[PDB]
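**Student:** Please find one structure pasted underneath; my questions will follow.
Quick reminder, even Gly has a Cβ in these numbers, built from the backbone with ideal geometry, and neighbours come from all protein chains shown. Where a number appears in this text, it was derived from the coordinates with a stated rule and is not lab data.
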Amino acid sequence: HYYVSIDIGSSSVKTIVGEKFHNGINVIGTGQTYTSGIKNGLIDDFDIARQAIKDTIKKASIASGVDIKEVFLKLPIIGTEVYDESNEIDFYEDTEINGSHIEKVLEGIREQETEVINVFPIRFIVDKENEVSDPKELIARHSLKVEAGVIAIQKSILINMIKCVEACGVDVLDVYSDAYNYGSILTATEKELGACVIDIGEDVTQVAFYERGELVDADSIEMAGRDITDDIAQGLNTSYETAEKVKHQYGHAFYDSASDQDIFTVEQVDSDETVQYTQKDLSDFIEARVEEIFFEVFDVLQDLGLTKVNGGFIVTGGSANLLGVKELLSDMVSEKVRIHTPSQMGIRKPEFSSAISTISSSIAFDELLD
Ligand SMILES: Nc1ncnc2c1ncn2[C@@H]1O[C@H](COP(=O)(O)OP(=O)(O)OP(=O)(O)O)[C@@H](O)[C@H]1O
Ligand SMILES: [Mg+2]
């Protein structure tokens, strides 16, 4: 009927209630609630977080008209495993492969410390020979085999993340690693060539790489928005708060493009005085940090041995609202670089990318298995 996804982020818990249309999703209600209950993408104070999630589920339950009781929880690429696996189910009759055989054969893969959370198909193989993308309505005589991609997350995260959302009085129908979700924000062309999604939130920066249409591998960095603000507060000798504002109001991640005529005033933290800075001044600190962030990204890529990103670079997430971000990355790499923002209205901010893709993934599996 209705699709409701929940994004439990370090800056704000995000919720989206949507409806499936022929050419996409129709957001009919959203909610957002800032919280200090989540840090580095994990629950820092259960109670505080459990209250943020409820508030978010409410603000949306109101704005959407729907009375939310079921939700799809996204999971951060943290303590996550992305590997290859296959499985085959047998037949004793002439069976017309339907959505239920897909699930049955995938379930086997969903099989110690971790737990398979997502199993997605790469290619199926009917009666031990017909290699095909879709095996539906095709007739199987002896067997249906699937070579899939699998994602596992550490049991500690899964459990508590769900214990917290379910403590709000709603059921978690399913879970979706952002490592799978980002596939949505891409284009078929990007997925094919080898695109790299860079989601810079507040505490975490997630990196996902897709090639030939499927996810290849993923990881995260504990450096993001907050660190930009931290760098700003120290550089202008000011409070975190005012630092978090001038970043929003005047932030520019590329030095060579920040204004001088643009001036603002920040108060000092050690005196009852006030200093005046230009946008460019602020830029020095911002670019520096956003750069160190991309340098981390590259390393993640090297570790995962995922060089070559002919698919290009896609950057998103809250910090993606920063000006000059596209400029800076393009200046330190040689592939296309775009800042993905949800198309649907109401959620036309980079920070909503993950939440909306969670719904996409939901719907995607809904069809695959029916
Ligand atoms: N307009 C702005 N300019 C630059 N940065 C901003 C702006 N708006 C949002 N941010 C920053 O983006 C970050 C939050 O965005 P985001 O929602 O993607 O993080 P989160 O998902 O809630 O937590 P997580 O780090 O676990 O992903 C904050 O650090 C915030 O300061
Ligand atoms: Mg986030």
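**Student:** Can you work out the Karplus-derived ³J(HN,Hα) for every residue in region 48-63? Use 6.51 cos²θ - 1.76 cosθ + 1.60 with θ = phi - 60°, whole Hz, and x for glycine or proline.
**Tutor:** 4, 4, 4, 7, 5, 4, 4, 3, 5, 5, 7, 2, 8, 3, 6, 4
**Student:** Under a point-charge model restricted to the Cβ atoms of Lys and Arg (+1) and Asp and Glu (-1), what is the dipole moment magnitude of region 186-345 relative to its Cα centre, in debye to the nearest 20?
**Tutor:** Approximately 800 debye in magnitude.
**Student:** Under unit Cβ charges (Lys, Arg +1; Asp, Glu -1), what dipole magnitude, rounded to 20 debye, does the chain have relative to its Cα centre?
**Tutor:** On the way: 31 positive and 68 negative charges, 214 e Å.
Dipole magnitude for the chain comes out near 1020 debye.
**Student:** Next up: Which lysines does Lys280 reach when only Cα atoms under 22 Å apart count, and residues fewer than 8 places away in its own chain are ignored?
**Tutor:** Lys245, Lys247, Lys326
**Student:** Starting with the highest mean, order 254-263, 63-72 by the number of other Cβ atoms within 10 Å, averaged over the residues of each peptide.
**Tutor:** Descending mean neighbour count gives 63-72, 254-263.
**Student:** Hey, another quick one. Which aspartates and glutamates have a Cα less than 12 Å from the Cα of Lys14, not counting those fewer than 8 places away in the same chain?
**Tutor:** Within reach: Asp55, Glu351.
**Student:** A follow-up question, please. Can you tell me how much longer the chain between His22 and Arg110 gets when fully stretched, taken as 0.36 nm per residue apart minus their C-alpha distance, in nm with one decimal?
**Tutor:** Computed gain between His22 and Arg110 is 28.6 nm.
**Student:** Give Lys136/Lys308; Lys39/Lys308; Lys20/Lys349; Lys54/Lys336 a once-over and call out the pairs whose C-alpha atoms are over 30 Å from each other.
**Tutor:** From the list (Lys136/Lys308; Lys39/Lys308; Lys20/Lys349; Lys54/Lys336), the Cα-Cα distance tops 30 Å for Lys136/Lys308; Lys39/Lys308; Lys54/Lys336.
**Student:** If one computes the Cα centroid of region 64-138 and of region 268-290, what distance in Å separates the two points?
**Tutor:** Cα centres, region 64-138 to region 268-290: 51 Å.
**Student:** What FRET efficiency, computed as 1/(1 + (r/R0)^6) with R0 = 22 Å and r the Cβ-Cβ distance, is obtained for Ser100 and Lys128, rounded to the nearest 0.05?
**Tutor:** 0.60
**Student:** Excluding residues on the same chain fewer than 8 positions from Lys155, give the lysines whose Cα lies under 17 Å from its Cα.
**Tutor:** The qualifying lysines are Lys74, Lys163.
**Student:** I've got another one for you. Shape call for region 276-370 from the C-alpha gyration tensor, a ≥ b ≥ c root eigenvalues: rounded (a/c under 1.5), prolate (a/b greater than b/c) or oblate?
**Tutor:** Cα axes put region 276-370 in the oblate bin.
**Student:** Provide the per-residue ³J(HN,Hα) series for region 248-263, in order, calculated from phi with Karplus coefficients 6.51, -1.76, 1.60 and θ = phi - 60°, each as a whole number of Hz, with x at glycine and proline positions.
**Tutor:** These are the phi-based 3J(HN,Hα) values: 5, 6, 10, x, 8, 8, 10, 4, 3, 9, 7, 6, 10, 5, 6, 10 Hz.
**Student:** Another question, then. Could you let me know the centre-to-centre spacing of region 190-267 and region 299-335, using Cα atoms, in angstrom?
**Tutor:** 11
**Student:** How would you rank 146-152, 179-185, 162-168, highest first, on the average number of other Cβ atoms within 10 Å across their residues?
**Tutor:** 179-185, 146-152, 162-168
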